[PDB]
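K.L.:
Dropping a structure here in structure tokens format, bear with me for questions.
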Amino acid sequence: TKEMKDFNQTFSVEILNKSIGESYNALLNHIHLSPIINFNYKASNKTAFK
Amino acid sequence: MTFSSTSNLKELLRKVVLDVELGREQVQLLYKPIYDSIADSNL
């Protein structure tokens with residue numbers, strides 16, 4: 001709301017843009033690494049402790 | 001002819017409007033002698 005921008009002095013659009021950038025970078029790690037972690041690896045691709 | 005014969009034909013006569021004040025009156029600020037003013041955009 002316009003009151004949030006005006007009356008809450010600490011609040012500003014810089015904080016929101018910072019969270020867009022942070023969650024965007026965290027998305028990049030997810031979409032590119034989630035296929036690796038989340039895969040249901042078969043026995044051929046698994047190696048035990050040894 | 002006389003003017004009264006053509007007084008009905010209003011489109012021929014030029015339009016002059018009686019310039020009278022209309023609408024509600026201008027509003028003055030009466031509180032200022034009583035109230036001390038402090039202005040600050042970051043209140």
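Labels used: A, B, ... for chains in the order of the structure tokens, numbers from 1 for residues in each chain, and numbers from 1 for ligands as shown.
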Skip residue 3 (chain B) itself and residues of its chain fewer than 6 positions away, then list as a list in words all residues within 12 Å of it, counting only C-alpha atoms.

P.N.:
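Counting only the stated atoms, we get residues 9, 10, 12 and 13 of chain B.
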
K.L.:
Compile the residues of chain A that lie within 9 Å of chain B, evaluated using only C-alpha atoms, and express the compilation as a CSV table (one decimal) with N, CA and C atoms, in the first residue's frame.

P.N.:
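Generated file (selection-v2.csv):
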```csv
chain,number,residue,atom,x,y,z
A,6,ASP,N,5.1,5.2,2.4
A,6,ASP,CA,5.3,6.5,3.0
A,6,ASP,C,5.6,6.5,4.5
A,7,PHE,N,4.8,5.7,5.2
A,7,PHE,CA,4.9,5.8,6.7
A,7,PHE,C,6.0,4.9,7.3
A,9,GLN,N,9.3,4.0,7.3
A,9,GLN,CA,10.5,4.6,6.7
A,9,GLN,C,11.5,3.5,6.3
```

K.L.:
DSSP on the backbone, alpha helix (DSSP H) only: what residues of chain A does that give? Format it as an NGL selection string.

P.N.:
:A and (2-7 or 13-37)

K.L.:
I need the residues from that last selection saved to file as a short mmCIF file (atom, residue, chain, number, x, y, z; two decimals), in the first residue's frame (with N, CA, C and O atoms), if you can.

P.N.:
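Generated output (selection-v8.cif):
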```cif
data_model
loop_
_atom_site.label_atom_id
_atom_site.label_comp_id
_atom_site.auth_asym_id
_atom_site.auth_seq_id
_atom_site.Cartn_x
_atom_site.Cartn_y
_atom_site.Cartn_z
N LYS A 2 0.26 2.37 -0.41
CA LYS A 2 0.98 3.64 -0.41
C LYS A 2 1.38 4.05 1.00
O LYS A 2 2.39 4.74 1.18
N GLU A 3 0.61 3.64 2.01
CA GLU A 3 0.98 3.94 3.39
C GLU A 3 2.27 3.23 3.77
O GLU A 3 3.09 3.78 4.52
N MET A 4 2.47 2.00 3.28
CA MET A 4 3.68 1.25 3.61
C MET A 4 4.91 1.98 3.09
O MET A 4 5.92 2.10 3.80
N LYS A 5 4.86 2.47 1.86
CA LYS A 5 5.99 3.20 1.30
C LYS A 5 6.22 4.50 2.06
O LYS A 5 7.37 4.88 2.32
N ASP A 6 5.15 5.20 2.42
CA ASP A 6 5.28 6.54 2.98
C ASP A 6 5.58 6.51 4.47
O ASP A 6 6.49 7.20 4.93
N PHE A 7 4.83 5.73 5.25
CA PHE A 7 4.93 5.79 6.70
C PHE A 7 6.00 4.86 7.26
O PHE A 7 6.69 5.24 8.21
N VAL A 13 11.61 0.12 -1.97
CA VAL A 13 11.63 -0.82 -3.08
C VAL A 13 12.98 -1.52 -3.20
O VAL A 13 13.07 -2.58 -3.82
N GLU A 14 14.04 -0.95 -2.62
CA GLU A 14 15.35 -1.59 -2.68
C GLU A 14 15.33 -2.93 -1.97
O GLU A 14 15.98 -3.89 -2.41
N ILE A 15 14.61 -3.03 -0.85
CA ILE A 15 14.52 -4.30 -0.14
C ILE A 15 13.81 -5.34 -0.99
O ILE A 15 14.23 -6.50 -1.04
N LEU A 16 12.73 -4.95 -1.66
CA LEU A 16 12.02 -5.90 -2.51
C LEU A 16 12.88 -6.34 -3.69
O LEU A 16 12.93 -7.53 -4.01
N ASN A 17 13.57 -5.40 -4.34
CA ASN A 17 14.43 -5.76 -5.45
C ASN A 17 15.57 -6.66 -5.00
O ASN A 17 16.02 -7.53 -5.76
N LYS A 18 16.05 -6.48 -3.77
CA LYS A 18 17.08 -7.36 -3.24
C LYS A 18 16.56 -8.79 -3.09
O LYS A 18 17.28 -9.75 -3.36
N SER A 19 15.31 -8.93 -2.67
CA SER A 19 14.74 -10.26 -2.50
C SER A 19 14.38 -10.90 -3.84
O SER A 19 14.39 -12.12 -3.96
N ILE A 20 14.04 -10.09 -4.84
CA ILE A 20 13.83 -10.63 -6.18
C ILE A 20 15.13 -11.20 -6.71
O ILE A 20 15.17 -12.30 -7.27
N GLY A 21 16.23 -10.46 -6.55
CA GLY A 21 17.51 -10.94 -7.02
C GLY A 21 17.98 -12.18 -6.28
O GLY A 21 18.51 -13.11 -6.89
N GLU A 22 17.79 -12.21 -4.97
CA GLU A 22 18.23 -13.36 -4.18
C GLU A 22 17.43 -14.61 -4.54
O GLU A 22 18.01 -15.67 -4.81
N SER A 23 16.10 -14.51 -4.55
CA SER A 23 15.28 -15.66 -4.89
C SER A 23 15.46 -16.06 -6.35
O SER A 23 15.24 -17.22 -6.71
N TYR A 24 15.84 -15.11 -7.21
CA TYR A 24 16.13 -15.44 -8.59
C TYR A 24 17.40 -16.27 -8.71
O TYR A 24 17.44 -17.26 -9.44
N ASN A 25 18.45 -15.87 -7.99
CA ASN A 25 19.68 -16.66 -7.98
C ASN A 25 19.43 -18.04 -7.38
O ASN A 25 19.95 -19.04 -7.87
N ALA A 26 18.64 -18.10 -6.31
CA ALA A 26 18.32 -19.39 -5.72
C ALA A 26 17.49 -20.25 -6.66
O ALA A 26 17.56 -21.48 -6.60
N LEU A 27 16.68 -19.63 -7.52
CA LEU A 27 15.99 -20.39 -8.55
C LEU A 27 16.98 -20.99 -9.54
O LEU A 27 16.83 -22.14 -9.95
N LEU A 28 17.99 -20.21 -9.94
CA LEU A 28 18.96 -20.70 -10.91
C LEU A 28 19.69 -21.93 -10.40
O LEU A 28 19.92 -22.88 -11.15
N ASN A 29 20.05 -21.92 -9.12
CA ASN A 29 20.66 -23.11 -8.53
C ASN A 29 19.68 -24.27 -8.52
O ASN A 29 20.07 -25.43 -8.72
N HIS A 30 18.40 -23.99 -8.28
CA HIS A 30 17.42 -25.07 -8.17
C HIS A 30 17.20 -25.75 -9.51
O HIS A 30 17.40 -26.96 -9.65
N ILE A 31 16.79 -24.98 -10.53
CA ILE A 31 16.38 -25.57 -11.80
C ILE A 31 17.53 -26.32 -12.46
O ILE A 31 17.30 -27.26 -13.23
N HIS A 32 18.77 -25.93 -12.17
CA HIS A 32 19.94 -26.54 -12.79
C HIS A 32 20.54 -27.68 -11.98
O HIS A 32 21.17 -28.56 -12.56
N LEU A 33 20.34 -27.69 -10.66
CA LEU A 33 20.87 -28.74 -9.79
C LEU A 33 19.80 -29.70 -9.30
O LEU A 33 20.13 -30.84 -8.97
N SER A 34 18.54 -29.28 -9.23
CA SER A 34 17.47 -30.20 -8.86
C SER A 34 17.41 -31.45 -9.72
O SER A 34 17.11 -32.52 -9.17
N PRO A 35 17.63 -31.41 -11.04
CA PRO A 35 17.67 -32.67 -11.80
C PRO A 35 18.71 -33.65 -11.30
O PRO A 35 18.54 -34.86 -11.48
N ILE A 36 19.78 -33.16 -10.68
CA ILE A 36 20.83 -34.05 -10.19
C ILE A 36 20.44 -34.65 -8.85
O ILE A 36 20.47 -35.87 -8.67
N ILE A 37 20.08 -33.81 -7.88
CA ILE A 37 19.76 -34.31 -6.54
C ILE A 37 18.49 -35.15 -6.57
O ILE A 37 18.44 -36.23 -5.98
#
```

K.L.:
Would you work out the distance separating CA of residue 11 (chain A) from CA of residue 40 (chain B), expressed in Å to one decimal?

P.N.:
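Straight-line distance from CA of residue 11 (chain A) to CA of residue 40 (chain B) works out to 18.1 Å.
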